[PDB]
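Chains as they are written, first to last, in the working numbering: chain C, 991 to 1274; chain W, 1370 to 1486; chain L, 1370 to 1486; chain B, 5 to 140; chain F, 543 to 713; chain P, 33 to 118. Here is the structure we will look at, set down as structure tokens.
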Amino acid sequence: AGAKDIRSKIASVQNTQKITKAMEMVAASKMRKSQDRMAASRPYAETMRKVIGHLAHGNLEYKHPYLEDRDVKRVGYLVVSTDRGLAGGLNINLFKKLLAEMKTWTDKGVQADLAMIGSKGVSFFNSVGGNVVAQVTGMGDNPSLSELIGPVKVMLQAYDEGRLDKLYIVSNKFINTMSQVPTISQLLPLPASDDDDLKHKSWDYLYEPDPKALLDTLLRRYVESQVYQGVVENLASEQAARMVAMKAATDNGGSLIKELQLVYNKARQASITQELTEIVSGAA
Amino acid sequence: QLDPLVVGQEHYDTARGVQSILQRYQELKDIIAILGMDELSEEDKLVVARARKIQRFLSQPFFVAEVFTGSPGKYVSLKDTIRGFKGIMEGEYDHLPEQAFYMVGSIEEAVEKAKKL
Amino acid sequence: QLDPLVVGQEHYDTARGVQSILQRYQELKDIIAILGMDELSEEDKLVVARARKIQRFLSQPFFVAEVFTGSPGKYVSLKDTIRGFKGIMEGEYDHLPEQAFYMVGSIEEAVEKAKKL
Amino acid sequence: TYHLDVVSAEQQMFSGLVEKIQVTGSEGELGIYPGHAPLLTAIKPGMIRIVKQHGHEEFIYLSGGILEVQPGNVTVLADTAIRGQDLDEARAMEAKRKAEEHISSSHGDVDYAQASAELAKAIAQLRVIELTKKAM
Amino acid sequence: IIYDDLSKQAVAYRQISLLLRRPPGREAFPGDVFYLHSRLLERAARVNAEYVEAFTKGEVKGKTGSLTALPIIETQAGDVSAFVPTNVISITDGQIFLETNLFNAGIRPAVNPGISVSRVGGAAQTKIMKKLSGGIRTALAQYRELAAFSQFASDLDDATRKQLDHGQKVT
Amino acid sequence: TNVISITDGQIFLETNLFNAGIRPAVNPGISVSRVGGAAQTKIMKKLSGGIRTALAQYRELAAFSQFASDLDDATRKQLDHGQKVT
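Here you go:
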């Protein structure tokens, strides 16, 4: 206490408020750039999914393991997590949703396997004893598809090897600048999602060399691309959450200054009084 | 009188554990105040969640305070309270809401109060 | 008295250079803590190495502290102080390990001490 | 002329109207003119020849992909690295390894690093909530 | 006229007051410490030609006299709110605040915009300077906070990078 | 402030360290002893020099303990050795 301590604390908290306001600005710009990069992904996935429309669930059928709803003995999850803190509750809400559903699954006796994107989930599930089979980390704010090839490759190789029976991606969904929602959504076996080619019965392709060889790589690339889309949306959601969290923290600091300055003024006055009564009642 | 040689090891050790938790909780209140509870480590969230229970369980209703609050007073024997605090600290009542501990007698009135919300 | 007109430009510039190096190393300590050394640039790792070597070389053994440490004291003339710090900042002695500079005295004693380490 | 799209999963690399293109398709070099019947094929890494309407040629380098053709649309779902069972298996092996040794690379965000460091140092031993009498 | 550190005249007055037992006031400065600097600085004035012609009994008739004063004050580690500095800030027509951070950083003279101000304003400024300088002050006042946002942000919008370059030029 | 000026050293006992469990609560970062190593047995004089530096590095790093999970193991080693010596 004493004026010269409380003024030092007020100074340090004002500095903290500078820091958090700068971080809010930075995050608010990075969110825009990240959602531009989020809308530069739709064409590839959408056209490729239209293609898989015609080739697979067309009037013509084909015998791919990744379109048939075989039996569930164990399930895989691709987990997207930030590489950086200060994100608000994002990661933990997501991990709690995941843990609740993975509990519901293991209550039928099925095992589960995790592939981790981002280091925060890596640490969390190393602590909670999850079954992490592969991971990639340090992508930061520059996610790239080439880095994702590893873990999704592992999960696919395990799926077609029979070792998995269903595959999920768990990630945040950027909806509004002010609201993002965690979602667990399936990507193997491929969902049934309209895209009817009954209209396109007018034509069929020249397949070089054959449709099955293509359909294989089509589906593999498509899964890779949906994982990438998920990573990029989660990145934009992280930026939005950091923006709102730093906003809240700047207003908290701004109120703590109001408290500290009342304490400071009280100490200022008490010190003046006690100095002056010590002088005056000294004389005589 | 709070010496192992006077109150016995278990009571002294429980008291010092409670103090350690509440102090560690004081050391976090500034970061919690600024950045909110979400920036804590996953083990600090547990320290906070246990301290906020210990604080309530230190509450008690008094026979001379029925005038103010209606609730009937309680008398808690020592043997019956070092057990309750040892329990909360060891995390075996770690599945019960905070308001389950507020204004109760022994740890068994808390486990009951939880059932009724 | 620390301005070019009185100390000479050689001295003034060597002093301001030491200040610049250390003032940058203060910036870099808190990157190294969060990210570890390897994420720095080539010149950032090099600024760090020279900053640590300068920070070491400012230590000295005293003939009167000779009684606390046992090590004999050293007297370093100003010519040699400027020559040493300028040699370190230019990168002449980048090939010696840091501990060659601790409590060394004159700069030649650094190139000598580096042998035995 | 017809409309050509060269898109990667990450980004888009070309659009607009073209007169012809020449593409080293899996089962043999190929060349597309307007009206071409519907076709579908992988392609090998290497250049692709574009001649834009008004005959302005330009090259592009593709690391692979799939070429697809419809009445008036042709598109090339390029991809960003050489894809092949030789390389993907190495990638997956590294990804498995890192799960065992329990490595984590640092992110490269130096600005978040510095901001968070200054924040951690500023907020330390602040002890404010003991000083302002706010209860909490 | 330039008074070097009225901060030390205040102290000499405090001493020569206490030694006469005169009852003290805040910070033990005598009661009338404000009326010490006031009755001094209020002599710096611009006096019109009729007061001159009266005082000098006609010997000079067209002129207006004046006496400008630049008092110096010595804060303790930037604490403008101390007793005497805030007495004097309330007496004078502005202040030139010399900032230690800029002075150590090599910005000499370390004049601090924003917090320093001249309350007569452009009325005192020759026309060309009133034209050319009209923007400098607040442009720099903004640059100094924009460049404080800078360090926590690489990858700056160049609409602001032009600004951070210009401010640095002028500084 | 007088007796701090008269004496040869100080042992500062802190109530926070005393609550947190650290007993005796001596605060090593502001306690001093101008006599210093000259008064120790030379075994202790040898061995305690490294404790001084271990705790000094711990006191410089401690600010990060509340963001620790974000830190780099090259510093995590020090930040745990400090806690163990304490």
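The beta-carbon is built from N, C-alpha and C at its ideal position, and this holds for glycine as well.
Any idea what DSSP makes of residue i, helix, strand or coil?
| i | result |
| --- | --- |
| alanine 1124 of chain C | strand |
| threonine 73 of chain P | coil |
| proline 1172 of chain C | strand |
| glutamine 1429 of chain L | coil |
| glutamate 23 of chain B | strand |
| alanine 1046 of chain C | coil |
| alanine 46 of chain B | strand |
| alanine 1182 of chain C | coil |
| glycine 1405 of chain W | coil |
| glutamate 1396 of chain L | helix |
Thinking just about the alpha-carbon of each residue, which of the options is nearest to the one in residue i?
| i | options | result |
| --- | --- | --- |
| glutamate 1467 of chain W | W:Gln1370, W:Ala1483, W:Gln1429 | W:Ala1483 |
| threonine 39 of chain P | P:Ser63, P:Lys74, P:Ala86 | P:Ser63 |
| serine 1002 of chain C | C:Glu1265, C:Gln1251, C:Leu1266, C:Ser1271 | C:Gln1251 |
| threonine 628 of chain F | F:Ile615, F:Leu640, F:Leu644 | F:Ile615 |
| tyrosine 1394 of chain L | L:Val1417, L:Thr1450, L:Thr1438, L:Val1445 | L:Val1417 |
| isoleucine 1400 of chain W | B:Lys138, B:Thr136, B:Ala139, B:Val132 | B:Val132 |
| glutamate 1459 of chain L | L:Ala1402, L:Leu1415, L:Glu1411, L:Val1375 | L:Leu1415 |
| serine 65 of chain P | P:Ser37, P:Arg55, P:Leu103, P:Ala100 | P:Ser37 |
| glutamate 592 of chain F | F:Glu584, F:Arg585, F:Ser580, F:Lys605 | F:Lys605 |
| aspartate 102 of chain P | L:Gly1405, L:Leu1374, L:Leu1465 | L:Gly1405 |
| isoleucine 1082 of chain C | C:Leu1188, C:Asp1184, C:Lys1110 | C:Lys1110 |
| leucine 1177 of chain C | C:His1044, C:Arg997, C:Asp1241, C:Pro1055 | C:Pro1055 |
| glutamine 1264 of chain C | F:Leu560, F:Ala570, F:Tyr545, F:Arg564 | F:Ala570 |
| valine 1473 of chain W | W:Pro1430, W:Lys1485, W:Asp1463, W:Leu1447 | W:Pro1430 |
Using the C-alpha atoms, what's the distance from residue j back to residue i?
| i | j | result |
| --- | --- | --- |
| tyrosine 1381 of chain W | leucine 1371 of chain W | 6 Å |
| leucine 582 of chain F | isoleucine 1000 of chain C | 36 Å |
| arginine 1064 of chain C | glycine 1108 of chain C | 23 Å |
| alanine 1479 of chain W | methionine 1092 of chain C | 32 Å |
| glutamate 23 of chain B | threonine 79 of chain B | 14 Å |
| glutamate 1411 of chain W | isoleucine 1423 of chain W | 19 Å |
| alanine 94 of chain P | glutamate 72 of chain B | 60 Å |
| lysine 109 of chain P | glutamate 14 of chain B | 39 Å |
| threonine 680 of chain F | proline 655 of chain F | 8 Å |
| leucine 1246 of chain C | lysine 125 of chain B | 18 Å |
| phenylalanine 1432 of chain L | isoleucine 43 of chain P | 30 Å |
| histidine 60 of chain B | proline 38 of chain B | 17 Å |
| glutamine 74 of chain B | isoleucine 64 of chain B | 22 Å |
| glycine 32 of chain B | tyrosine 1197 of chain C | 13 Å |
| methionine 76 of chain P | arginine 55 of chain P | 21 Å |
| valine 67 of chain P | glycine 41 of chain P | 8 Å |
| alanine 70 of chain P | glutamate 92 of chain P | 27 Å |
| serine 1428 of chain L | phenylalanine 1437 of chain L | 15 Å |
| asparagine 1255 of chain C | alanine 991 of chain C | 11 Å |
| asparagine 1049 of chain C | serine 1192 of chain C | 12 Å |
So with CB distances below 7 Å, who are the chain P contacts of residue i?
| i | result |
| --- | --- |
| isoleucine 1390 of chain W | Ordered by position in chain P, no residue passes the 7 Å Cβ test against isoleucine 1390 of chain W, which lies about 10 Å from the chain. |
I want to verify the contact list: residues of chain C whose CB lies under 7 Å from the CB of residue i, in sequence order.
| i | result |
| --- | --- |
| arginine 564 of chain F | Result: empty, since nearest Cβ-Cβ is about 10 Å, beyond 7 Å. |
| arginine 588 of chain F | Within 7 Å Cβ-Cβ: nothing; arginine 588 of chain F doesn't reach chain C, min ~38 Å. |
Applying a beta-carbon distance threshold of less than 9 Å, which residues of chain C neighbour residue i?
| i | result |
| --- | --- |
| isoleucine 1403 of chain W | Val1003, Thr1006, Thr1010, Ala1239, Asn1242, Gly1243, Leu1246 |
| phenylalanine 576 of chain F | The contacting residues do not exist; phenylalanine 576 of chain F stays about 16 Å from chain C at best. |
In chain L, which residues lie with their C-beta within 7 Å of the C-beta of residue i?
| i | result |
| --- | --- |
| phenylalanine 96 of chain P | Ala1402 |
Is there a Cβ of chain A sitting closer than 9 Å to that of residue i, yes or no?
| i | result |
| --- | --- |
| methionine 1472 of chain L | Among the chains of the structure shown, chain A does not appear; the protein chains present are C, W, L, B, F and P. |
Using a cut-off of 7 Å between C-beta atoms, extract the partners of residue i located in chain F.
| i | result |
| --- | --- |
| residue 1281 of chain C | Limits of chain C in this structure are 991 at one end and 1274 at the other, which puts residue 1281 of chain C out of reach. |
Give me the chain C residues within the contact set of residue i, using Cβ-Cβ distance strictly less than 8 Å, ordered along the chain.
| i | result |
| --- | --- |
| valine 11 of chain B | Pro1033, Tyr1034, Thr1037 |
Closer than 7 Å by beta-carbon distance: list the chain W residues that pair up with residue i, in chain order.
| i | result |
| --- | --- |
| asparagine 51 of chain P | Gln1388, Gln1392 |
Using a Cβ cut-off of 7 Å, pull out every chain B residue sitting near residue i, in sequence order please.
| i | result |
| --- | --- |
| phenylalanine 99 of chain P | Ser120, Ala124 |
Residue i versus chain P: which residues are under 8 Å apart at the beta carbon?
| i | result |
| --- | --- |
| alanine 128 of chain B | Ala94, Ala95, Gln98 |
Quiz item: Listed in chain order, which residues of the stretch 92-123 of chain B have Cβ atoms closer than 9 Å to some Cβ of chain P?
Solution: From the stretch 92-123 of chain B, only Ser110, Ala117, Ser120, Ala121, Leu123 have a Cβ closer than 9 Å to chain P.
Practice problem: Identify each residue in the stretch 1420-1441 of chain W for which the Cβ-Cβ distance to at least one residue of chain B is less than 9 Å, and report them in chain order. | Solution: Listed by position along the chain: nothing, the set is empty.
Quiz item: Looking at chain W, which residues of the stretch 1061-1076 of chain C have a Cβ within less than 8 Å of any of its Cβ atoms?
Solution: Residues of the stretch 1061-1076 of chain C whose Cβ lies closer than 8 Å to any Cβ of chain W, in chain order: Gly1075, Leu1076.
Practice problem: Can you give me, in chain order, the residues of the stretch 101-116 of chain P that have a beta carbon less than 7 Å from any beta carbon in chain L? | Solution: For the stretch 101-116 of chain P, which is checked against every Cβ of chain L, the residues closer than 7 Å are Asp102, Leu103, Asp104, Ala106, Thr107.
Practice problem: Taking only beta carbons into account, state which residues of the stretch 1251-1269 of chain C come closer than 8 Å to chain F, listed in chain order. | Solution: Residues of the stretch 1251-1269 of chain C whose Cβ lies closer than 8 Å to any Cβ of chain F, in chain order: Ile1262, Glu1265, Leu1266, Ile1269.
Quiz item: What residues from the stretch 60-75 of chain P come within 9 Å of chain L, judged by C-beta to C-beta, listed N to C?
Solution: Those would be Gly68, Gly69, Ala70, in chain order.
Self-check item: Contact residues within the stretch 14-42 of chain B, judged by C-beta distance below 7 Å to chain C
Solution: Identification of residues in the stretch 14-42 of chain B having a C-beta nearer than 7 Å to some C-beta of chain C yields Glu14, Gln15, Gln16, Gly29, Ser30, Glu31, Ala41, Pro42, given in sequence order.
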